[PDB]
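[1] one piece of my complex first, more on the way:
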Amino acid sequence: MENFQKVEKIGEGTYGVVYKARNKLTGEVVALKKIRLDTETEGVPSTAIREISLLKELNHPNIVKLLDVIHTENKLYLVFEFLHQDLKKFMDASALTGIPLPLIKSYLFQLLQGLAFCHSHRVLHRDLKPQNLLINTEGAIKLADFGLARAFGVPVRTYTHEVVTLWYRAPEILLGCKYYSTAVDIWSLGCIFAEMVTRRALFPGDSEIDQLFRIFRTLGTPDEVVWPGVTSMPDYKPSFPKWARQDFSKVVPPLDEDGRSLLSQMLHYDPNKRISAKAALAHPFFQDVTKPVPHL
């Protein structure tokens, strides 16, 4: 553990502190997750078992690279490639002008590729949110934080319900469905897509029911026509207020017809109808995609 000079706290993760650090010997800049063991209760958290073991499989340029695991007596450190900052801080710093459209298109393309690789390697990320997306100076964005990820089966079976950060959580999880798969990650990306366009979180609720209503109020309250089976889901209530679906050019004004189309496909109530990461890359919204450099 002694080749590293820690520079500062950079982040919190869902399961441990992250630092910027440098290799005294190679000069290499890195990020260090500290995962706290404290020894005699439960040992190494399932959280870390999953993250390390999935991340080792998931080598792709749109996924953070795990360089090393320092597996001490008292602590576990995951050593990652250092990336300049998160999409979150990038968005906050771009609130008044907004991120250039060609940059959004690029970030979305790149993210979709990262997600495609994940899903094709049987992994759900389950915590796609802007402070988990990492951006460098050369125009790249990478999925990070796999502490909440898992390997899914074909077919799936019931997974953990306490899943995905509220603002980004898909309706099928909100409404208490038995089964969810890859579509939960697409929904999250949809919200993120929208956030880059509007500079405001799309569905910023403060409780499960508040979240539900924020989705309903924008996309229309779901019914059997739009989502066969909604009305018989465990946490569906006939007493949910019935709001009309708002027009996309009001929801997400700066988008052209192609962006709206793609967004509407990512944000479909029916997980079975929701577009896949792989199919999305074929979307005509990406016919003219480039690699712009972020105005840091």
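    It's in. Residues are numbered from 1 along each chain as shown, chains lettered A, B, ... in the order given.
[2] now do the helices in chain A.
    Ranges of helices within chain A are A:46-55, A:87-92, A:101-120, A:171-174, A:183-198, A:208-219, A:248-251, A:257-266, A:277-281, based on DSSP state H.
[3] let's have the ones you listed in TSV, adding distance to residue A:159 and mean neighbour count.
    C-betas here are computed from N, CA, C, even on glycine. Formatted as TSV, the helices of chain A follow (distance: least, Cβ to Cβ, whole Å; neighbours: other Cβ atoms under 10 Å):
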stretch	distance to residue A:159	mean neighbour count
helix A:46-55	12	18
helix A:87-92	26	18
helix A:101-120	14	21
helix A:171-174	10	22
helix A:183-198	9	23
helix A:208-219	18	18
helix A:248-251	30	14
helix A:257-266	21	18
helix A:277-281	18	18
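[4] I'd like these written out as CSV, with distance to residue A:151 added.
    Converted to CSV, these look like this (distance: least, Cβ to Cβ, whole Å):
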stretch, distance to residue A:151
helix A:46-55, 7
helix A:87-92, 26
helix A:101-120, 10
helix A:171-174, 18
helix A:183-198, 14
helix A:208-219, 27
helix A:248-251, 35
helix A:257-266, 24
helix A:277-281, 17
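[5] out of those, which gets nearest to residue A:229?
    Distance to residue A:229, taken as Cβ to Cβ, is lowest for helix A:171-174 among these, at 9.9 Å.
[6] residue A:29 and residue A:8 touch, don't they?
    No. Residue A:29 lies out of contact with residue A:8 (Cβ atoms under 8 Å); the separation is 11.8 Å.
[7] of those two, which one has the most company?
    The neighbour count for residue A:29 versus residue A:8, taken as other Cβ atoms under 10 Å, is higher for residue A:29 (14 against 7).
[8] quick one: residue A:51 and residue A:82, what's the gap?
    18 Å (Cβ to Cβ, to the nearest Å).
[9] for residue A:61, which of the helices of chain A is the nearest?
    Nearest to residue A:61, of all the helices of chain A, is helix A:101-120, at 8.3 Å by Cβ to Cβ.
[10] off-centre distance for that closest one?
    11 Å (Cα atoms, centre = their mean, to the nearest Å).
[11] quick one on the thing from earlier: identify the contacts common to residue A:29 and residue A:8.
    residue A:20 (Cβ atoms under 8 Å, 6 or more residues apart in numbering).
[12] could you dump stretch A:161-178 to PDB, C-alpha only?
    C-alpha atoms of stretch A:161-178 as PDB (Å, rounded to 0.1, in the frame of the first residue of the first chain):
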ATOM      1  CA  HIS A 161     -35.800  -4.900  -4.700                       C
ATOM      2  CA  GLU A 162     -33.800  -2.100  -2.900                       C
ATOM      3  CA  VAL A 163     -32.200  -1.100  -6.200                       C
ATOM      4  CA  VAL A 164     -31.200   2.100  -8.200                       C
ATOM      5  CA  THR A 165     -31.200   5.600  -6.800                       C
ATOM      6  CA  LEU A 166     -34.700   7.100  -6.500                       C
ATOM      7  CA  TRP A 167     -34.500   9.800  -9.200                       C
ATOM      8  CA  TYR A 168     -33.400   7.200 -11.700                       C
ATOM      9  CA  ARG A 169     -35.400   4.200 -10.700                       C
ATOM     10  CA  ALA A 170     -37.600   2.600 -13.300                       C
ATOM     11  CA  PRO A 171     -41.400   2.300 -12.700                       C
ATOM     12  CA  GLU A 172     -41.400  -1.500 -12.700                       C
ATOM     13  CA  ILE A 173     -39.200  -1.400  -9.600                       C
ATOM     14  CA  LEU A 174     -41.300   1.400  -8.100                       C
ATOM     15  CA  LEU A 175     -44.500  -0.600  -8.600                       C
ATOM     16  CA  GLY A 176     -43.100  -3.800  -7.000                       C
ATOM     17  CA  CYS A 177     -42.700  -6.200  -9.900                       C
ATOM     18  CA  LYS A 178     -41.300  -9.700  -9.400                       C
END
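[13] while you're at it, add chain B from this line:
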Amino acid sequence: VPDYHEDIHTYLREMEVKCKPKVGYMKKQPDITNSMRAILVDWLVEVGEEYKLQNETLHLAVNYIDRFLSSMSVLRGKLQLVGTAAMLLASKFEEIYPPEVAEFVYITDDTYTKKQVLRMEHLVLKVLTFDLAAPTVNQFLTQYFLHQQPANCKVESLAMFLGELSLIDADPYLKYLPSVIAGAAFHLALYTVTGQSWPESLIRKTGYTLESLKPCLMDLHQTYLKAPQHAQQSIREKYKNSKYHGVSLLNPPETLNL
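    Chain B added:
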């Protein structure tokens, strides 16, 4: 049919070759033997039942065990310990509510301390270099089941049963990849129940002909005939329950005709 079915399958075929224990590992183990491993795995079954764990966890455990023993010498008194930290790491990886460490201490009848299981957990991790997302006979079985005309549940449970027998006997089964054993278990179930054979769709999907599955069928057939005489019976007793449609009570076919 799910969105990434073909893709995931191709990928598991790449991974099953990387997640391999060396075949003749038991030959270089000074103190433990195949029949001991057999006692161990059998026990792990008993444990999965008691704690209502997924069959996939059992399979992950066995894979960790075979990989760990492939590179560490283990004395008989420590064998259970390796299996216990395997099972515990399989649980943590694959289950929603893994049992707690105190529950793993408990079913060793207090042979080992909590302090130990946690140290063994650490070591097992160290030895497998944190590589736990291993393909199992089980993953391929489910994947194969989707190509079923139509969904016979008896065939399913029986294939699951046959694949689970494969876990107990390192000789011969370590010879085979999970996909191959899966293929074998599937055709053998299908036949036994309905007379039908390993279908055209899977031949296209896996590249596997009845002819390439033959050596494994030959062995798996044997195992299946000798199943009630076998020293370890935990699987037979498990697959007697209604949950599994009592498939372990069906009569194997006399010949496989191939």
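[14] domain map for the chain?
    Answering for chain A, as no chain was given. Domains of chain A are assigned by curated CATH domains as A:1-84, A:85-296.
[15] chain B, not that one
    What curated CATH domains lists as the domains of chain B is B:7-20+B:134-258, B:21-133.
[16] circling back: how about a markdown table for the domains of chain A, with distance to residue B:235 added?
    Putting those into a markdown table (distance: least, Cβ to Cβ, whole Å) gives the following:
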| stretch | distance to residue B:235 |
| --- | --- |
| domain A:1-84 | 27 |
| domain A:85-296 | 21 |
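[17] quick one: closest of those domains to residue B:137.
    domain A:85-296 (13.1 Å).
[18] nearest residue to residue A:179 in space, please, no chain neighbours.
    In space, and not counting its chain neighbours, residue A:179 is closest to residue A:156: 5.7 Å by Cβ to Cβ, 6 or more residues apart in numbering or on different chains.
[19] these two touch, right, the one you found and residue A:180?
    Yes. The pair residue A:156 and residue A:180 passes the contact test of Cβ under 8 Å, sitting 7.4 Å apart.
[20] more crowded one of these two?
    The neighbour count for residue A:156 versus residue A:180, taken as other Cβ atoms under 10 Å in any protein chain shown, is higher for residue A:180 (22 against 16).
[21] list the contacts for the more buried one?
    Applying Cβ atoms under 8 Å, 6 or more residues apart in numbering or on different chains, we find residue A:180 in contact with A:156, A:159, A:163, A:170, A:172, A:173, A:271.
[22] what's the spacing between the last one and chain B?
    Yep, that's residue A:271 we're talking about. As judged by Cβ to the nearest Cβ, to the nearest Å, residue A:271 and chain B stand 10 Å apart.
[23] quick check: closest non-adjacent residue to that residue.
    Spatial nearest neighbour of residue A:271, excluding adjacent residues (Cβ to Cβ, 6+ apart): residue A:183 at 3.8 Å.
[24] do I have it right that residue A:211 meets residue A:168?
    No. Counting by Cβ under 8 Å, residue A:211 sits too far from residue A:168 to count as a contact (9.6 Å).
[25] okay, and the common contacts of those two?
    Jointly contacting residue A:211 and residue A:168 under the rule Cβ under 8 Å, 6+ apart are residue A:203.
[26] name the element residue B:81 belongs to?
    Using DSSP states H and E, residue B:81 sits within helix B:76-94.
[27] which strands or helices does that helix pack on?
    In terms of contacts (3 or more Cβ pairs under 8 Å, 6 or more residues apart in numbering or on different chains; DSSP states H and E), helix B:76-94 is packed against helix A:46-55, helix B:34-50, helix B:55-69, helix B:101-106, helix B:114-127.
[28] for those, which one sits closest to residue A:73?
    Smallest distance to residue A:73 across the helices and strands packed on helix B:76-94 (Cβ to Cβ): 8.7 Å, for helix B:114-127.
[29] and the closest one, what's buried?
    B:114, B:116, B:117, B:118, B:119, B:120, B:121, B:122, B:124, B:125, B:127 (16 or more other Cβ atoms under 10 Å in any protein chain shown).
[30] bridged to residue A:32, which residues?
    residue A:19, residue A:79 (DSSP bridges).
[31] residues in the stretch 51-200 of chain B within reach of chain A, list them.
    Within the stretch 51-200 of chain B, the residues that sit near chain A (Cβ under 8 Å from any Cβ of the partner chain) are B:54, B:56, B:88-89, B:92-94, B:96, B:98, B:100-101, B:114-115, B:117-118, B:121-122, B:125-126, B:130-133, B:139, B:142-143, B:146.
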